[PDB]
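Q: Supplied in structure tokens, the structure appears directly below.
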Amino acid sequence: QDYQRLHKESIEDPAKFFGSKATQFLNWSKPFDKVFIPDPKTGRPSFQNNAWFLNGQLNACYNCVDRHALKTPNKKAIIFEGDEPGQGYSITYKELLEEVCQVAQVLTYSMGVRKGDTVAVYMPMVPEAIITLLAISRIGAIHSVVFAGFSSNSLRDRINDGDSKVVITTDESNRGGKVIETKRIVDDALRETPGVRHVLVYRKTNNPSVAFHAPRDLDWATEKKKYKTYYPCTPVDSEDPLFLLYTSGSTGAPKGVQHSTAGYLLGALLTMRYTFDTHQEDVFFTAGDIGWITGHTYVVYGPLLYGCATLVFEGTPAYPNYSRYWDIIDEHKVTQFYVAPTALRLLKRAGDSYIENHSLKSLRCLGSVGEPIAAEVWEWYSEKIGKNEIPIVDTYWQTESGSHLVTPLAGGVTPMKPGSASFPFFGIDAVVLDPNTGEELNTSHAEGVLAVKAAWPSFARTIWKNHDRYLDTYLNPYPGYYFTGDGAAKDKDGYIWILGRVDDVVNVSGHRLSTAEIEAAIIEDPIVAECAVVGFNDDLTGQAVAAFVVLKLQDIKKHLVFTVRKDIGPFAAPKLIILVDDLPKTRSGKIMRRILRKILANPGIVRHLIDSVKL
Amino acid sequence: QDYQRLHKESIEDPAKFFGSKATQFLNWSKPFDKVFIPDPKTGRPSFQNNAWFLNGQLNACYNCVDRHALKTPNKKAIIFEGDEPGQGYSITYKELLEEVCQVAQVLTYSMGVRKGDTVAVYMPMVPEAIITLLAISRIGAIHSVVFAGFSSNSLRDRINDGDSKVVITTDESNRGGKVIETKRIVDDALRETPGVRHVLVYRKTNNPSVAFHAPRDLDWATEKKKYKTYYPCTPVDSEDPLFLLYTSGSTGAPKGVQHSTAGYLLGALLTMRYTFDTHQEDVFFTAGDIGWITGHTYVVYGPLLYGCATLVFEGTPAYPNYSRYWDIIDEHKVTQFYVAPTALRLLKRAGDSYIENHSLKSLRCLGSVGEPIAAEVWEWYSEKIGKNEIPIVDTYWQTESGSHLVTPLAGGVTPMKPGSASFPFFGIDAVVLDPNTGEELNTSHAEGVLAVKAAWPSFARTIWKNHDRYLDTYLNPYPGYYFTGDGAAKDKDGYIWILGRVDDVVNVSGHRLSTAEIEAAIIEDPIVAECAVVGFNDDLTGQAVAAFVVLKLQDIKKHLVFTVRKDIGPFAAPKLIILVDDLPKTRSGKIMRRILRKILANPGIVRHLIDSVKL
Amino acid sequence: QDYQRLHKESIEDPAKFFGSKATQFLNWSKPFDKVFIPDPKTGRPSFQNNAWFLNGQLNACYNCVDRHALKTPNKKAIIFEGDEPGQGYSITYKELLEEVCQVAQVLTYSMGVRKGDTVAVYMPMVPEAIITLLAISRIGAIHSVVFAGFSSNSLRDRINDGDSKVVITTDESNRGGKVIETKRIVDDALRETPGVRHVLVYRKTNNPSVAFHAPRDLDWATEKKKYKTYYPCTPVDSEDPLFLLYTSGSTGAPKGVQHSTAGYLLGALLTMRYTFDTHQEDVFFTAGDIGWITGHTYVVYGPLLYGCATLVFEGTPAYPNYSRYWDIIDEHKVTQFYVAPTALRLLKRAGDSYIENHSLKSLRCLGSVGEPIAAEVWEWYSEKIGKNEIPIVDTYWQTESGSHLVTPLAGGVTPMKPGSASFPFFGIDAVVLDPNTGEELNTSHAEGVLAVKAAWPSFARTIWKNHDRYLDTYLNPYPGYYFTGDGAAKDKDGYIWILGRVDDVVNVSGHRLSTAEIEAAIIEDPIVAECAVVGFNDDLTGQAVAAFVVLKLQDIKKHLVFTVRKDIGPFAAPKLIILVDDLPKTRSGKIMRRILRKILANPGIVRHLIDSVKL
Ligand SMILES: Nc1ncnc2c1ncn2[C@@H]1O[C@H](COP(=O)(O)O)[C@@H](O)[C@H]1O
Ligand SMILES: Nc1ncnc2c1ncn2[C@@H]1O[C@H](COP(=O)(O)O)[C@@H](O)[C@H]1O
Ligand SMILES: Nc1ncnc2c1ncn2[C@@H]1O[C@H](COP(=O)(O)O)[C@@H](O)[C@H]1O
């Protein structure tokens, strides 16, 4: 009965629900006055003026490190695993404290950072990346992480929009067995970033005469050794920005999504205890770069705020072989695996031969995030990896949500449906609206746009320097609710099914076809292992269905077409399928269908996709 | 007591014994009148006019497919395993039915084949080879299979003697990791086959501009897709030829051994139930090409007639490594392994390191066929592979016998002797005759020529187009009996020991030395792993013993000589041993000693053997 | 209570203790009159005139082979393992007898060796090396083994000093996967050995036109085949030399340490039964070349005298991979592993990944010999290899001691201390003396020079041809006792700790710093895996501490320095650490610190060490 009460308590009485959790899970410097700013029009937390734990003061880094060093100093906080097998090591909580303290002082004294500044972070998945981020919040600064792979052009714009006067990177990065010049990329970018005063560089490889030029550049080791190991934290208000995270999804100048401190931290805590049923002696492993909210909230914040161990792997699922991912899971007794479908799709390709010897009884929970997960792949995940006896939480949420939106509970929710994300998390009032006829709440089993009626604490507060794009994008499209950008439907039993962003929905003769269903049914064919249905500027017929299929010399298309009508319908069967080797994806994993749309196709994926359509 | 009765019932009262089994195991279109044509001179089935189930009508393909598709449509019929590991797949009985039906129609409508025509088959061990053969009998045609390795010169003669107006092959064949141009070989051959009207080609690799020329050549896929999936069978008389199989053993124009339909099919059924104790849920694996009776009767007919699953592996025991044979046995839970000694001789060389991890508790029976099996190799087979707790049937029989001649019963016969084939199968009256003084039946423990007193149903009926060679070869050498061509002896306890074809017996001073005993004792020495004793045009001394030994710089011969006298005798010890790297063998496995005789040595084996004798 | 009595019995009443064991463990031809020659000055066995089992007659080879062939002829004596995996084989005791008998006759009749001659042996670890040695004692000859790796210059001098008129070698030696020209090395050496009459060569590889020239050179196989398989032994007096073993340690013309027959043989027997608790059905594996006493006493004499099986491996611990050492231990069910720390140091580097699958429950005892063994390496040895449930005897002894000096008993001694060798063996009266103020016996817990008060039977009797060096080296430095050359100390509980040869002790301001403690503490750091502290001609300060550290770009030295003071003291922390890739070691394993001293650095190790000091 837990979920039924706890969720209603969080919806009709958030003050009591979150007020209590807020004092429970976090250590405060100054108690908060009010829990949230309501919507006077008789309502829950206001969307326009969303704000939680008013006048309250606390410190992220203090909650992620200090309190645990002063309790379980000898317990491990970070468990690292290099790109190469035996190159790992752990960092106790006591030592992380020391490290984050020398770095906090490096920032204040060597670089001149103050409370409120934007610190840009361009690093790979190594411990120093993590302590860097904690060092930034320890001093009341706001970190802005950029994927350690993005072009120097991407780096520049993000720093310029971010107001970042300083930067933090490495000299090079060995990924999946491939070195990557980051310091190089940093310099090309700084040829156009006027406000960059300093650049802290953590030599990871011992560079091949990599640039380093004046008092601008500083050495991580050189500077660290200068400061004591303990440094006092900087209290900040509950509603002061914790960080910024430039989301790089759709077209249009990247958005600097801004998150609160308390509110965001409480969500990461609530989701750890309920969603993953995390304890203190756990070993959480989130296979996602610090480049996206996944890595922010589940490979750094959630785990460290809770006080358990979080695993940092700077490598790839295929390096040095597909058994690698599972080799590091059984030696570290990882109790929490959390990865994206793309990865779970490539591992399922290599064959359960690499999973053979692995007993991996160390796991207790599995999780999926990033995009829809087909049923056969969910089953495969549930049986091969999970040895079918351990939960699987397919977590629905966004960079803006901060934390899980709708997800199954590792324990609270007894049942589970392979393509569903089960139920809305606590505080989230998920409803399905009619995309056409206003913001009408669809009650009976039906498909429509997903939204939340009231705001919650972990909800992003704005978009860096322009609260206008924020409103138009998230609150103006469907006045009164929050616009997720995705389509969904609740089955007879209430479960929620994510249809895959109704922005890529192909409307054939007024039918609106969501991608989730059509593509999953495709990939779920021995002939394929990945599918992507899109569209293009179409005059007549309204809009046709074209599928870019990728196999694992004739009439091979027709089959995949007659199978679409076999279970989905004849008005869903594509008018043309294109055979491609792969699909244009983001470092995150998501498939860029807007690229398949825009034009029928600049990475190598482009050209090959520029030809696989002409003929 | 089973064997004692059942065998006597089948000898003194075959009418009742086989008449009953005949109605039990096979589905008939029109009941047979008489069981067999006796020998009026008071006797069992006549040899000269051998004929069973008179006036009866049935259909092979119907008995191998239909009846089982209409009972257990979802059960697997063929389990394939490509030359490369994970390239396998299964064919249910329902689907095999569909396939064999489209192909039957391809033969009738696209190629013009009629009931009675000879269809030549030149294919590798792939499913299509199997459905092709079934397609041929479904329409009352007679299939003539030729080894997918034989020269184009071999192909031509076999087709010309066979009267084959059509052919069936692939474009190329990847064997043991080596592609083989078959379509090439087919074309060189058809430059001399005047009566070849059509050629059906199943593109297996997607050829590198392989020939295909006029309405003569037809595509398997192109043609198949044209016909419905169900096609009616063609009833044929019990005594109408099922197939022809050109035996390529001794010198002299290859013989087109012709087998009946009913009679041959009943033998394959009797031998499955008793010899292998096969059920319905079994997975039978016969490691022998469709090129010889072994593959006809135990990798196609026996298994499919019984209704279980038969495994089709188109690869080699050494590819991609010696563990391969056992890798496919444990995943498919093969319950019946049946292979030849040559293979069991090369696997025993690699060391029980490849058999280590393998539990292979899926097996229930082991079998040996092809040639004599030494004791140490039988033991090795019995202990390493069999984990000594599962039977081993060393099956004695020929292309002419159709089915097992003398063999141990997987259950019926409680004891077993490593170099013996135990007892004569039901219906077979095996006796040992004196090679010199007439057809005298030797009763007491002694060695002599093997023969059968009366005929049985699975006995070949003739030799294509010349019943004269048939008589001289099989029935005239020892009037009244059937001349096996081998030597044997029954021990005190009755077991029968095959001496290895008394046609290669070296008679030293009137002693007649069979090869079985002398060679087994040789190979059974750590210094060797294969031996071949023969002879040559010898004037004085009568005939000497020369052994071509192959190891796994002096006085190394003498040893192997003093060891021959140690257990066999000083008049058996060879006068000269030749050290060769290997021996001239047939695609079947048998060692060609008549080549070592003929001349002291055209494949590479020739030249090297042309020198290893001069010096 | 066993050890307490047995040891006191052997000290205050050796006549009864050893007299009884002497008749028990050895078969005599003529009983011995007196047990030992005492020191008239009221004492135990005299040092100056040490002699045991007077007037007694026996035969080594008879005690190592014969008696066991005439009891358990079918039991295995030698279990060989080539450098390449599956190239092994065993030699029963019956066959070893035959072999040692044909070789004894080869020596007498083909080469002219007589009782008393010195036979030089230059061979690798192959059976023939072992039978050669036994063949030599069988005829009353004295064998002088030289490492199959030493230069031809080393071979010459050892033969010249040895008086060796004959030699025994192979043509080449495949070691660790590297062929080694020995016959080559033998010939260069014999260009200066005037008294060499013959050279017996056992062709191991079948040479690439390797030299062999006149009646001087003889073939092992050619000669062996000439003699019967049984040949009578030659009785020799208890005190007649068994062998000579040129120790190649410190500087100065190599010493030909001469051992008795009976006395040495009894020690090897006593040490097997008590130290290793050996039985008859055991499989002893001593990983040490026949080049040093270890191989003499524990890979030949001890095992063969006892009547069990001894394993002969002619390969390297790293070939063909680090799992090799353990691969041969589980297949042969080795019950006794005995190796040197250098090896145990390189195997511990590869990671317990090669030890994973290995169950190796066949072991019953582990042993360490050669040099001090750090605690972490002892633990690693005790837990990974021993699966912590099997004893570990860190055996202290020298080439001169013949057999164990102070060691733990596989069973008799219940406790064990990782860096201790426990207690003095029976007959050995170990005491700690003051290096400065005379031969004062230190009683209370303190550090000093190790010595033995009375002699024992296995004690070397002299140094070939110059009993003068013998006295000055072993009995004159500390009159009355035996000078081991090492430093030690007994802890509160009596255990003895070897400090590492007080000849390499760095005396900083009158402190005398033994290497054992300082280096073990160093290597016991994740940053290193091998350490070597030495010194050099130092005027002021007295003598500084310089450590040559080898890792598994600044302030890396300081750490290892602050750690030295952390547990040992600030007056032990080195004044300078040198970073080298490896250390100059002897084929035995011992680290040559006198080379690091002599000069701050001819094998490749020299040059690199000649530079790693200048800068
Ligand atoms: N568990 C999930 N199932 C289906 N879609 C998901 C899931 N998690 C995230 N998404 C989609 O991915 C987007 C979030 O991307 P991002 O902001 O980069 O984390 C949303 O718009 C969702 O539609
Ligand atoms: N199990 C067996 N033991 C000994 N010889 C056999 C065995 N099976 C077949 N043969 C021999 O192989 C010949 C049959 O060859 P084939 O007609 O090609 O099957 C016969 O002449 C037999 O002598
Ligand atoms: N178990 C041991 N522990 C410490 N040092 C040892 C040990 N065994 C032998 N040694 C040293 O090695 C030397 C003997 O070398 P060797 O004569 O070649 O066997 C002695 O001087 C000892 O100091």
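If you're wondering about the labels, chains in the structure tokens are A, B, ... by order shown, residues count from 1 in each chain, ligands from 1 in order shown.
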Quick one: pick out all helix (DSSP H, G or I) residues within region 111-200 of chain A from a backbone DSSP run and write them as a PyMOL selection string.

A: chain A and resi 127-138+152-162+182-189

Q: With 12 Å as the limit and counting only C-alpha atoms, what residues in chain A lie close to chain C? Please list them as a list in words.

A: residues 86, 89, 203, 205, 206, 221, 222, 225, 331 and 357 of chain A

Q: I'd like the neighbourhood of region 428-431 of chain A as a PyMOL selection string, where a residue qualifies if any of its atoms comes within 12 Å (using only C-alpha atoms), though same-chain residues fewer than 3 positions away should be ignored.

A: chain A and resi 6-12+14+44-45+267+396-397+401+403-407+422-425+434+439-459+481-484+486-490+494-498

Q: Can you list, as a ChimeraX atom specification, every protein, DNA or RNA residue that comes within 8 Å of residue 574 (chain A) when you count only C-alpha atoms, leaving out same-chain residues fewer than 6 positions away?

A: /A:544-547,561,564

Q: Could you name the residues that touch region 243-252 of chain A at 8 Å or less, counting only C-alpha atoms, but leaving out those on the same chain fewer than 6 positions away, as a PyMOL selection string?

A: chain A and resi 142-146+158+258-261+292-293+399+464+594

Q: Write out, as a PDB file, in the first residue's frame, the residues just selected, with C-alpha atoms.

A:
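Final output, selection_32.pdb:
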ATOM      1  CA  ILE A 142      27.990  26.876 -10.252  1.00  0.00           C
ATOM      2  CA  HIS A 143      29.431  24.115 -12.428  1.00  0.00           C
ATOM      3  CA  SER A 144      28.770  23.809 -16.154  1.00  0.00           C
ATOM      4  CA  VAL A 145      29.850  20.429 -17.509  1.00  0.00           C
ATOM      5  CA  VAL A 146      30.424  19.921 -21.249  1.00  0.00           C
ATOM      6  CA  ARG A 158      28.723  26.945 -24.038  1.00  0.00           C
ATOM      7  CA  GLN A 258      19.587  25.800 -14.492  1.00  0.00           C
ATOM      8  CA  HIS A 259      18.885  23.660 -11.410  1.00  0.00           C
ATOM      9  CA  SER A 260      18.349  24.713  -7.815  1.00  0.00           C
ATOM     10  CA  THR A 261      20.471  23.371  -4.994  1.00  0.00           C
ATOM     11  CA  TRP A 292      24.221  14.533 -19.029  1.00  0.00           C
ATOM     12  CA  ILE A 293      21.839  14.651 -16.061  1.00  0.00           C
ATOM     13  CA  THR A 399      17.573  16.938 -18.010  1.00  0.00           C
ATOM     14  CA  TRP A 464      20.522  30.517 -18.436  1.00  0.00           C
ATOM     15  CA  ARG A 594      15.357  15.085 -36.658  1.00  0.00           C
TER      16      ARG A 594
END

Q: May I have the residues within 10 Å of residue 215 (chain A) as an mmCIF file with N, CA, C and O atoms, in the first residue's frame, using only C-alpha atoms and disregarding those fewer than 3 positions away in the same chain?

A:
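Produced file around-v3.cif, reproduced below:
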data_model
loop_
_atom_site.group_PDB
_atom_site.id
_atom_site.type_symbol
_atom_site.label_atom_id
_atom_site.label_comp_id
_atom_site.auth_asym_id
_atom_site.auth_seq_id
_atom_site.Cartn_x
_atom_site.Cartn_y
_atom_site.Cartn_z
ATOM 1 N N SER A 110 44.221 30.285 -6.603
ATOM 2 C CA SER A 110 45.004 30.265 -7.834
ATOM 3 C C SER A 110 44.261 30.804 -9.046
ATOM 4 O O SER A 110 44.876 31.390 -9.942
ATOM 5 N N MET A 111 42.942 30.622 -9.068
ATOM 6 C CA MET A 111 42.146 31.062 -10.204
ATOM 7 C C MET A 111 41.202 32.228 -9.930
ATOM 8 O O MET A 111 40.699 32.850 -10.861
ATOM 9 N N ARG A 197 39.810 33.703 -17.984
ATOM 10 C CA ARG A 197 40.972 34.141 -17.215
ATOM 11 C C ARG A 197 41.983 33.014 -16.937
ATOM 12 O O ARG A 197 43.187 33.200 -17.107
ATOM 13 N N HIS A 198 41.492 31.853 -16.509
ATOM 14 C CA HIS A 198 42.357 30.706 -16.206
ATOM 15 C C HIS A 198 41.864 29.376 -16.783
ATOM 16 O O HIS A 198 40.714 29.239 -17.206
ATOM 17 N N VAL A 199 42.760 28.395 -16.766
ATOM 18 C CA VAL A 199 42.478 27.048 -17.246
ATOM 19 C C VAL A 199 43.277 26.073 -16.394
ATOM 20 O O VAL A 199 44.511 26.086 -16.423
ATOM 21 N N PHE A 212 50.447 24.667 -23.357
ATOM 22 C CA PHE A 212 50.337 25.162 -21.979
ATOM 23 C C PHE A 212 51.109 26.464 -22.168
ATOM 24 O O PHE A 212 52.290 26.414 -22.515
ATOM 25 N N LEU A 218 47.197 26.514 -15.657
ATOM 26 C CA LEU A 218 47.683 26.090 -14.353
ATOM 27 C C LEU A 218 47.678 24.570 -14.268
ATOM 28 O O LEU A 218 46.847 23.917 -14.900
#

Q: Using CA of residue 35 (chain B) and CA of residue 18 (chain B) as the two end points, give the distance in Å to one decimal.

A: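 Between CA of residue 35 (chain B) and CA of residue 18 (chain B) the gap works out to 7.5 Å.
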
Q: Please determine, counting only C-alpha atoms and all ligand atoms, which residue among C:338, C:562, C:478, C:231 has the shortest atom-to-atom distance to ligand 3.

A: C:338

Q: Between CA of residue 71 (chain C) and CA of residue 96 (chain C), what is the distance, to one decimal in Å?

A: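 These atoms are spaced 13.7 Å apart.
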
Q: Do a neighbour search on residue 328 (chain B) at 9 Å with only C-alpha atoms, toss out local chain neighbours closer than 5 positions, and write the hits as a ChimeraX atom specification.

A: /B:81,85,333-334

Q: Report, in Å to a single decimal, how far apart CA of residue 136 (chain C) and CA of residue 109 (chain C) are.

A: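 A separation of 13.1 Å between them.
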
Q: Pick out each residue of region 137-263 of chain C that DSSP on the backbone tags as strand (DSSP E); I need them as a compact mmCIF listing (two decimals) with N, CA and C atoms, in the first residue's frame.

A:
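File written: out25.txt
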# COMPACT_ATOMS: atom_id res chain seq x y z
N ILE C 142 83.13 -38.54 -8.19
CA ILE C 142 82.68 -37.30 -7.54
C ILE C 142 82.18 -36.29 -8.57
N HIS C 143 80.88 -36.01 -8.59
CA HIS C 143 80.37 -35.08 -9.58
C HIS C 143 80.49 -33.61 -9.25
N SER C 144 80.79 -32.82 -10.28
CA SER C 144 80.96 -31.38 -10.15
C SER C 144 80.07 -30.71 -11.19
N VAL C 145 78.89 -30.31 -10.75
CA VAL C 145 77.89 -29.66 -11.58
C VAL C 145 78.13 -28.16 -11.77
N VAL C 166 86.99 -35.49 -17.61
CA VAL C 166 85.85 -35.73 -18.51
C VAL C 166 84.73 -34.71 -18.31
N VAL C 167 83.83 -34.64 -19.28
CA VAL C 167 82.70 -33.71 -19.21
C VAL C 167 81.41 -34.37 -19.70
N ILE C 168 80.28 -33.76 -19.37
CA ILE C 168 78.97 -34.27 -19.78
C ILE C 168 78.05 -33.08 -20.08
N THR C 169 77.50 -33.04 -21.29
CA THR C 169 76.62 -31.93 -21.69
C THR C 169 75.61 -32.38 -22.75
N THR C 170 74.93 -31.40 -23.35
CA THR C 170 73.97 -31.63 -24.42
C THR C 170 74.47 -30.78 -25.60
N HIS C 198 87.79 -36.90 -22.37
CA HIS C 198 86.54 -37.18 -23.09
C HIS C 198 85.42 -36.18 -22.79
N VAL C 199 84.39 -36.24 -23.63
CA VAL C 199 83.21 -35.39 -23.51
C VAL C 199 82.01 -36.19 -23.98
N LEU C 200 81.09 -36.49 -23.06
CA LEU C 200 79.88 -37.24 -23.39
C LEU C 200 78.80 -36.20 -23.72
N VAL C 201 78.21 -36.35 -24.90
CA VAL C 201 77.20 -35.42 -25.37
C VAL C 201 75.86 -36.10 -25.62
N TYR C 202 74.83 -35.62 -24.93
CA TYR C 202 73.48 -36.15 -25.09
C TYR C 202 72.73 -35.20 -26.02
N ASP C 217 85.05 -36.66 -28.27
CA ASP C 217 83.60 -36.57 -28.15
C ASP C 217 82.93 -37.92 -28.31
N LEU C 218 81.94 -38.19 -27.46
CA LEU C 218 81.20 -39.44 -27.50
C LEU C 218 79.71 -39.15 -27.46
N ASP C 219 78.91 -40.01 -28.09
CA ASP C 219 77.46 -39.81 -28.09
C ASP C 219 76.77 -40.60 -26.97
N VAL C 236 81.87 -47.05 -1.07
CA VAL C 236 82.83 -46.02 -0.77
C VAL C 236 82.66 -45.74 0.70
N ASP C 237 83.69 -45.17 1.31
CA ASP C 237 83.63 -44.86 2.72
C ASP C 237 82.71 -43.69 2.98
N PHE C 243 80.38 -35.15 -3.76
CA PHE C 243 80.49 -34.20 -4.86
C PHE C 243 81.20 -32.91 -4.49
N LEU C 244 81.28 -32.02 -5.47
CA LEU C 244 81.89 -30.70 -5.32
C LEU C 244 80.88 -29.77 -5.93
N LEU C 245 80.76 -28.58 -5.37
CA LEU C 245 79.83 -27.61 -5.92
C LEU C 245 80.44 -26.23 -5.81
N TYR C 246 80.95 -25.73 -6.94
CA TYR C 246 81.56 -24.42 -6.96
C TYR C 246 80.53 -23.33 -6.74
N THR C 247 80.60 -22.71 -5.56
CA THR C 247 79.70 -21.63 -5.20
C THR C 247 80.17 -20.37 -5.89
N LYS C 255 84.75 -21.16 -5.08
CA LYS C 255 85.11 -22.21 -4.13
C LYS C 255 84.50 -23.57 -4.47
N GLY C 256 85.33 -24.61 -4.45
CA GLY C 256 84.83 -25.94 -4.72
C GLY C 256 84.39 -26.60 -3.43
N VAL C 257 83.23 -26.23 -2.91
CA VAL C 257 82.76 -26.81 -1.65
C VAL C 257 82.59 -28.32 -1.78
N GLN C 258 83.31 -29.07 -0.94
CA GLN C 258 83.28 -30.53 -0.93
C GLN C 258 82.41 -31.13 0.18
N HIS C 259 81.47 -31.98 -0.22
CA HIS C 259 80.57 -32.64 0.74
C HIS C 259 80.91 -34.13 0.90

Q: Identify which of the residues B:585, B:332, B:364, B:511 lies closest to ligand 2, counting only C-alpha atoms and all ligand atoms when measuring atom-to-atom distances.

A: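 Nearest to ligand 2: B:585.
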
Q: Using only C-alpha atoms, can you tell me which of C:314, C:400, C:530, C:277 comes closest to residue 366 (chain C)?

A: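 Looking at the shortest contact to residue 366 (chain C), the residue is C:277.
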
Q: Under the rule that only C-alpha atoms and all ligand atoms are counted, which of C:264, C:536, C:274, C:378 is the nearest residue to ligand 3?

A: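 Among C:264, C:536, C:274, C:378, it is C:378 that comes nearest to ligand 3.
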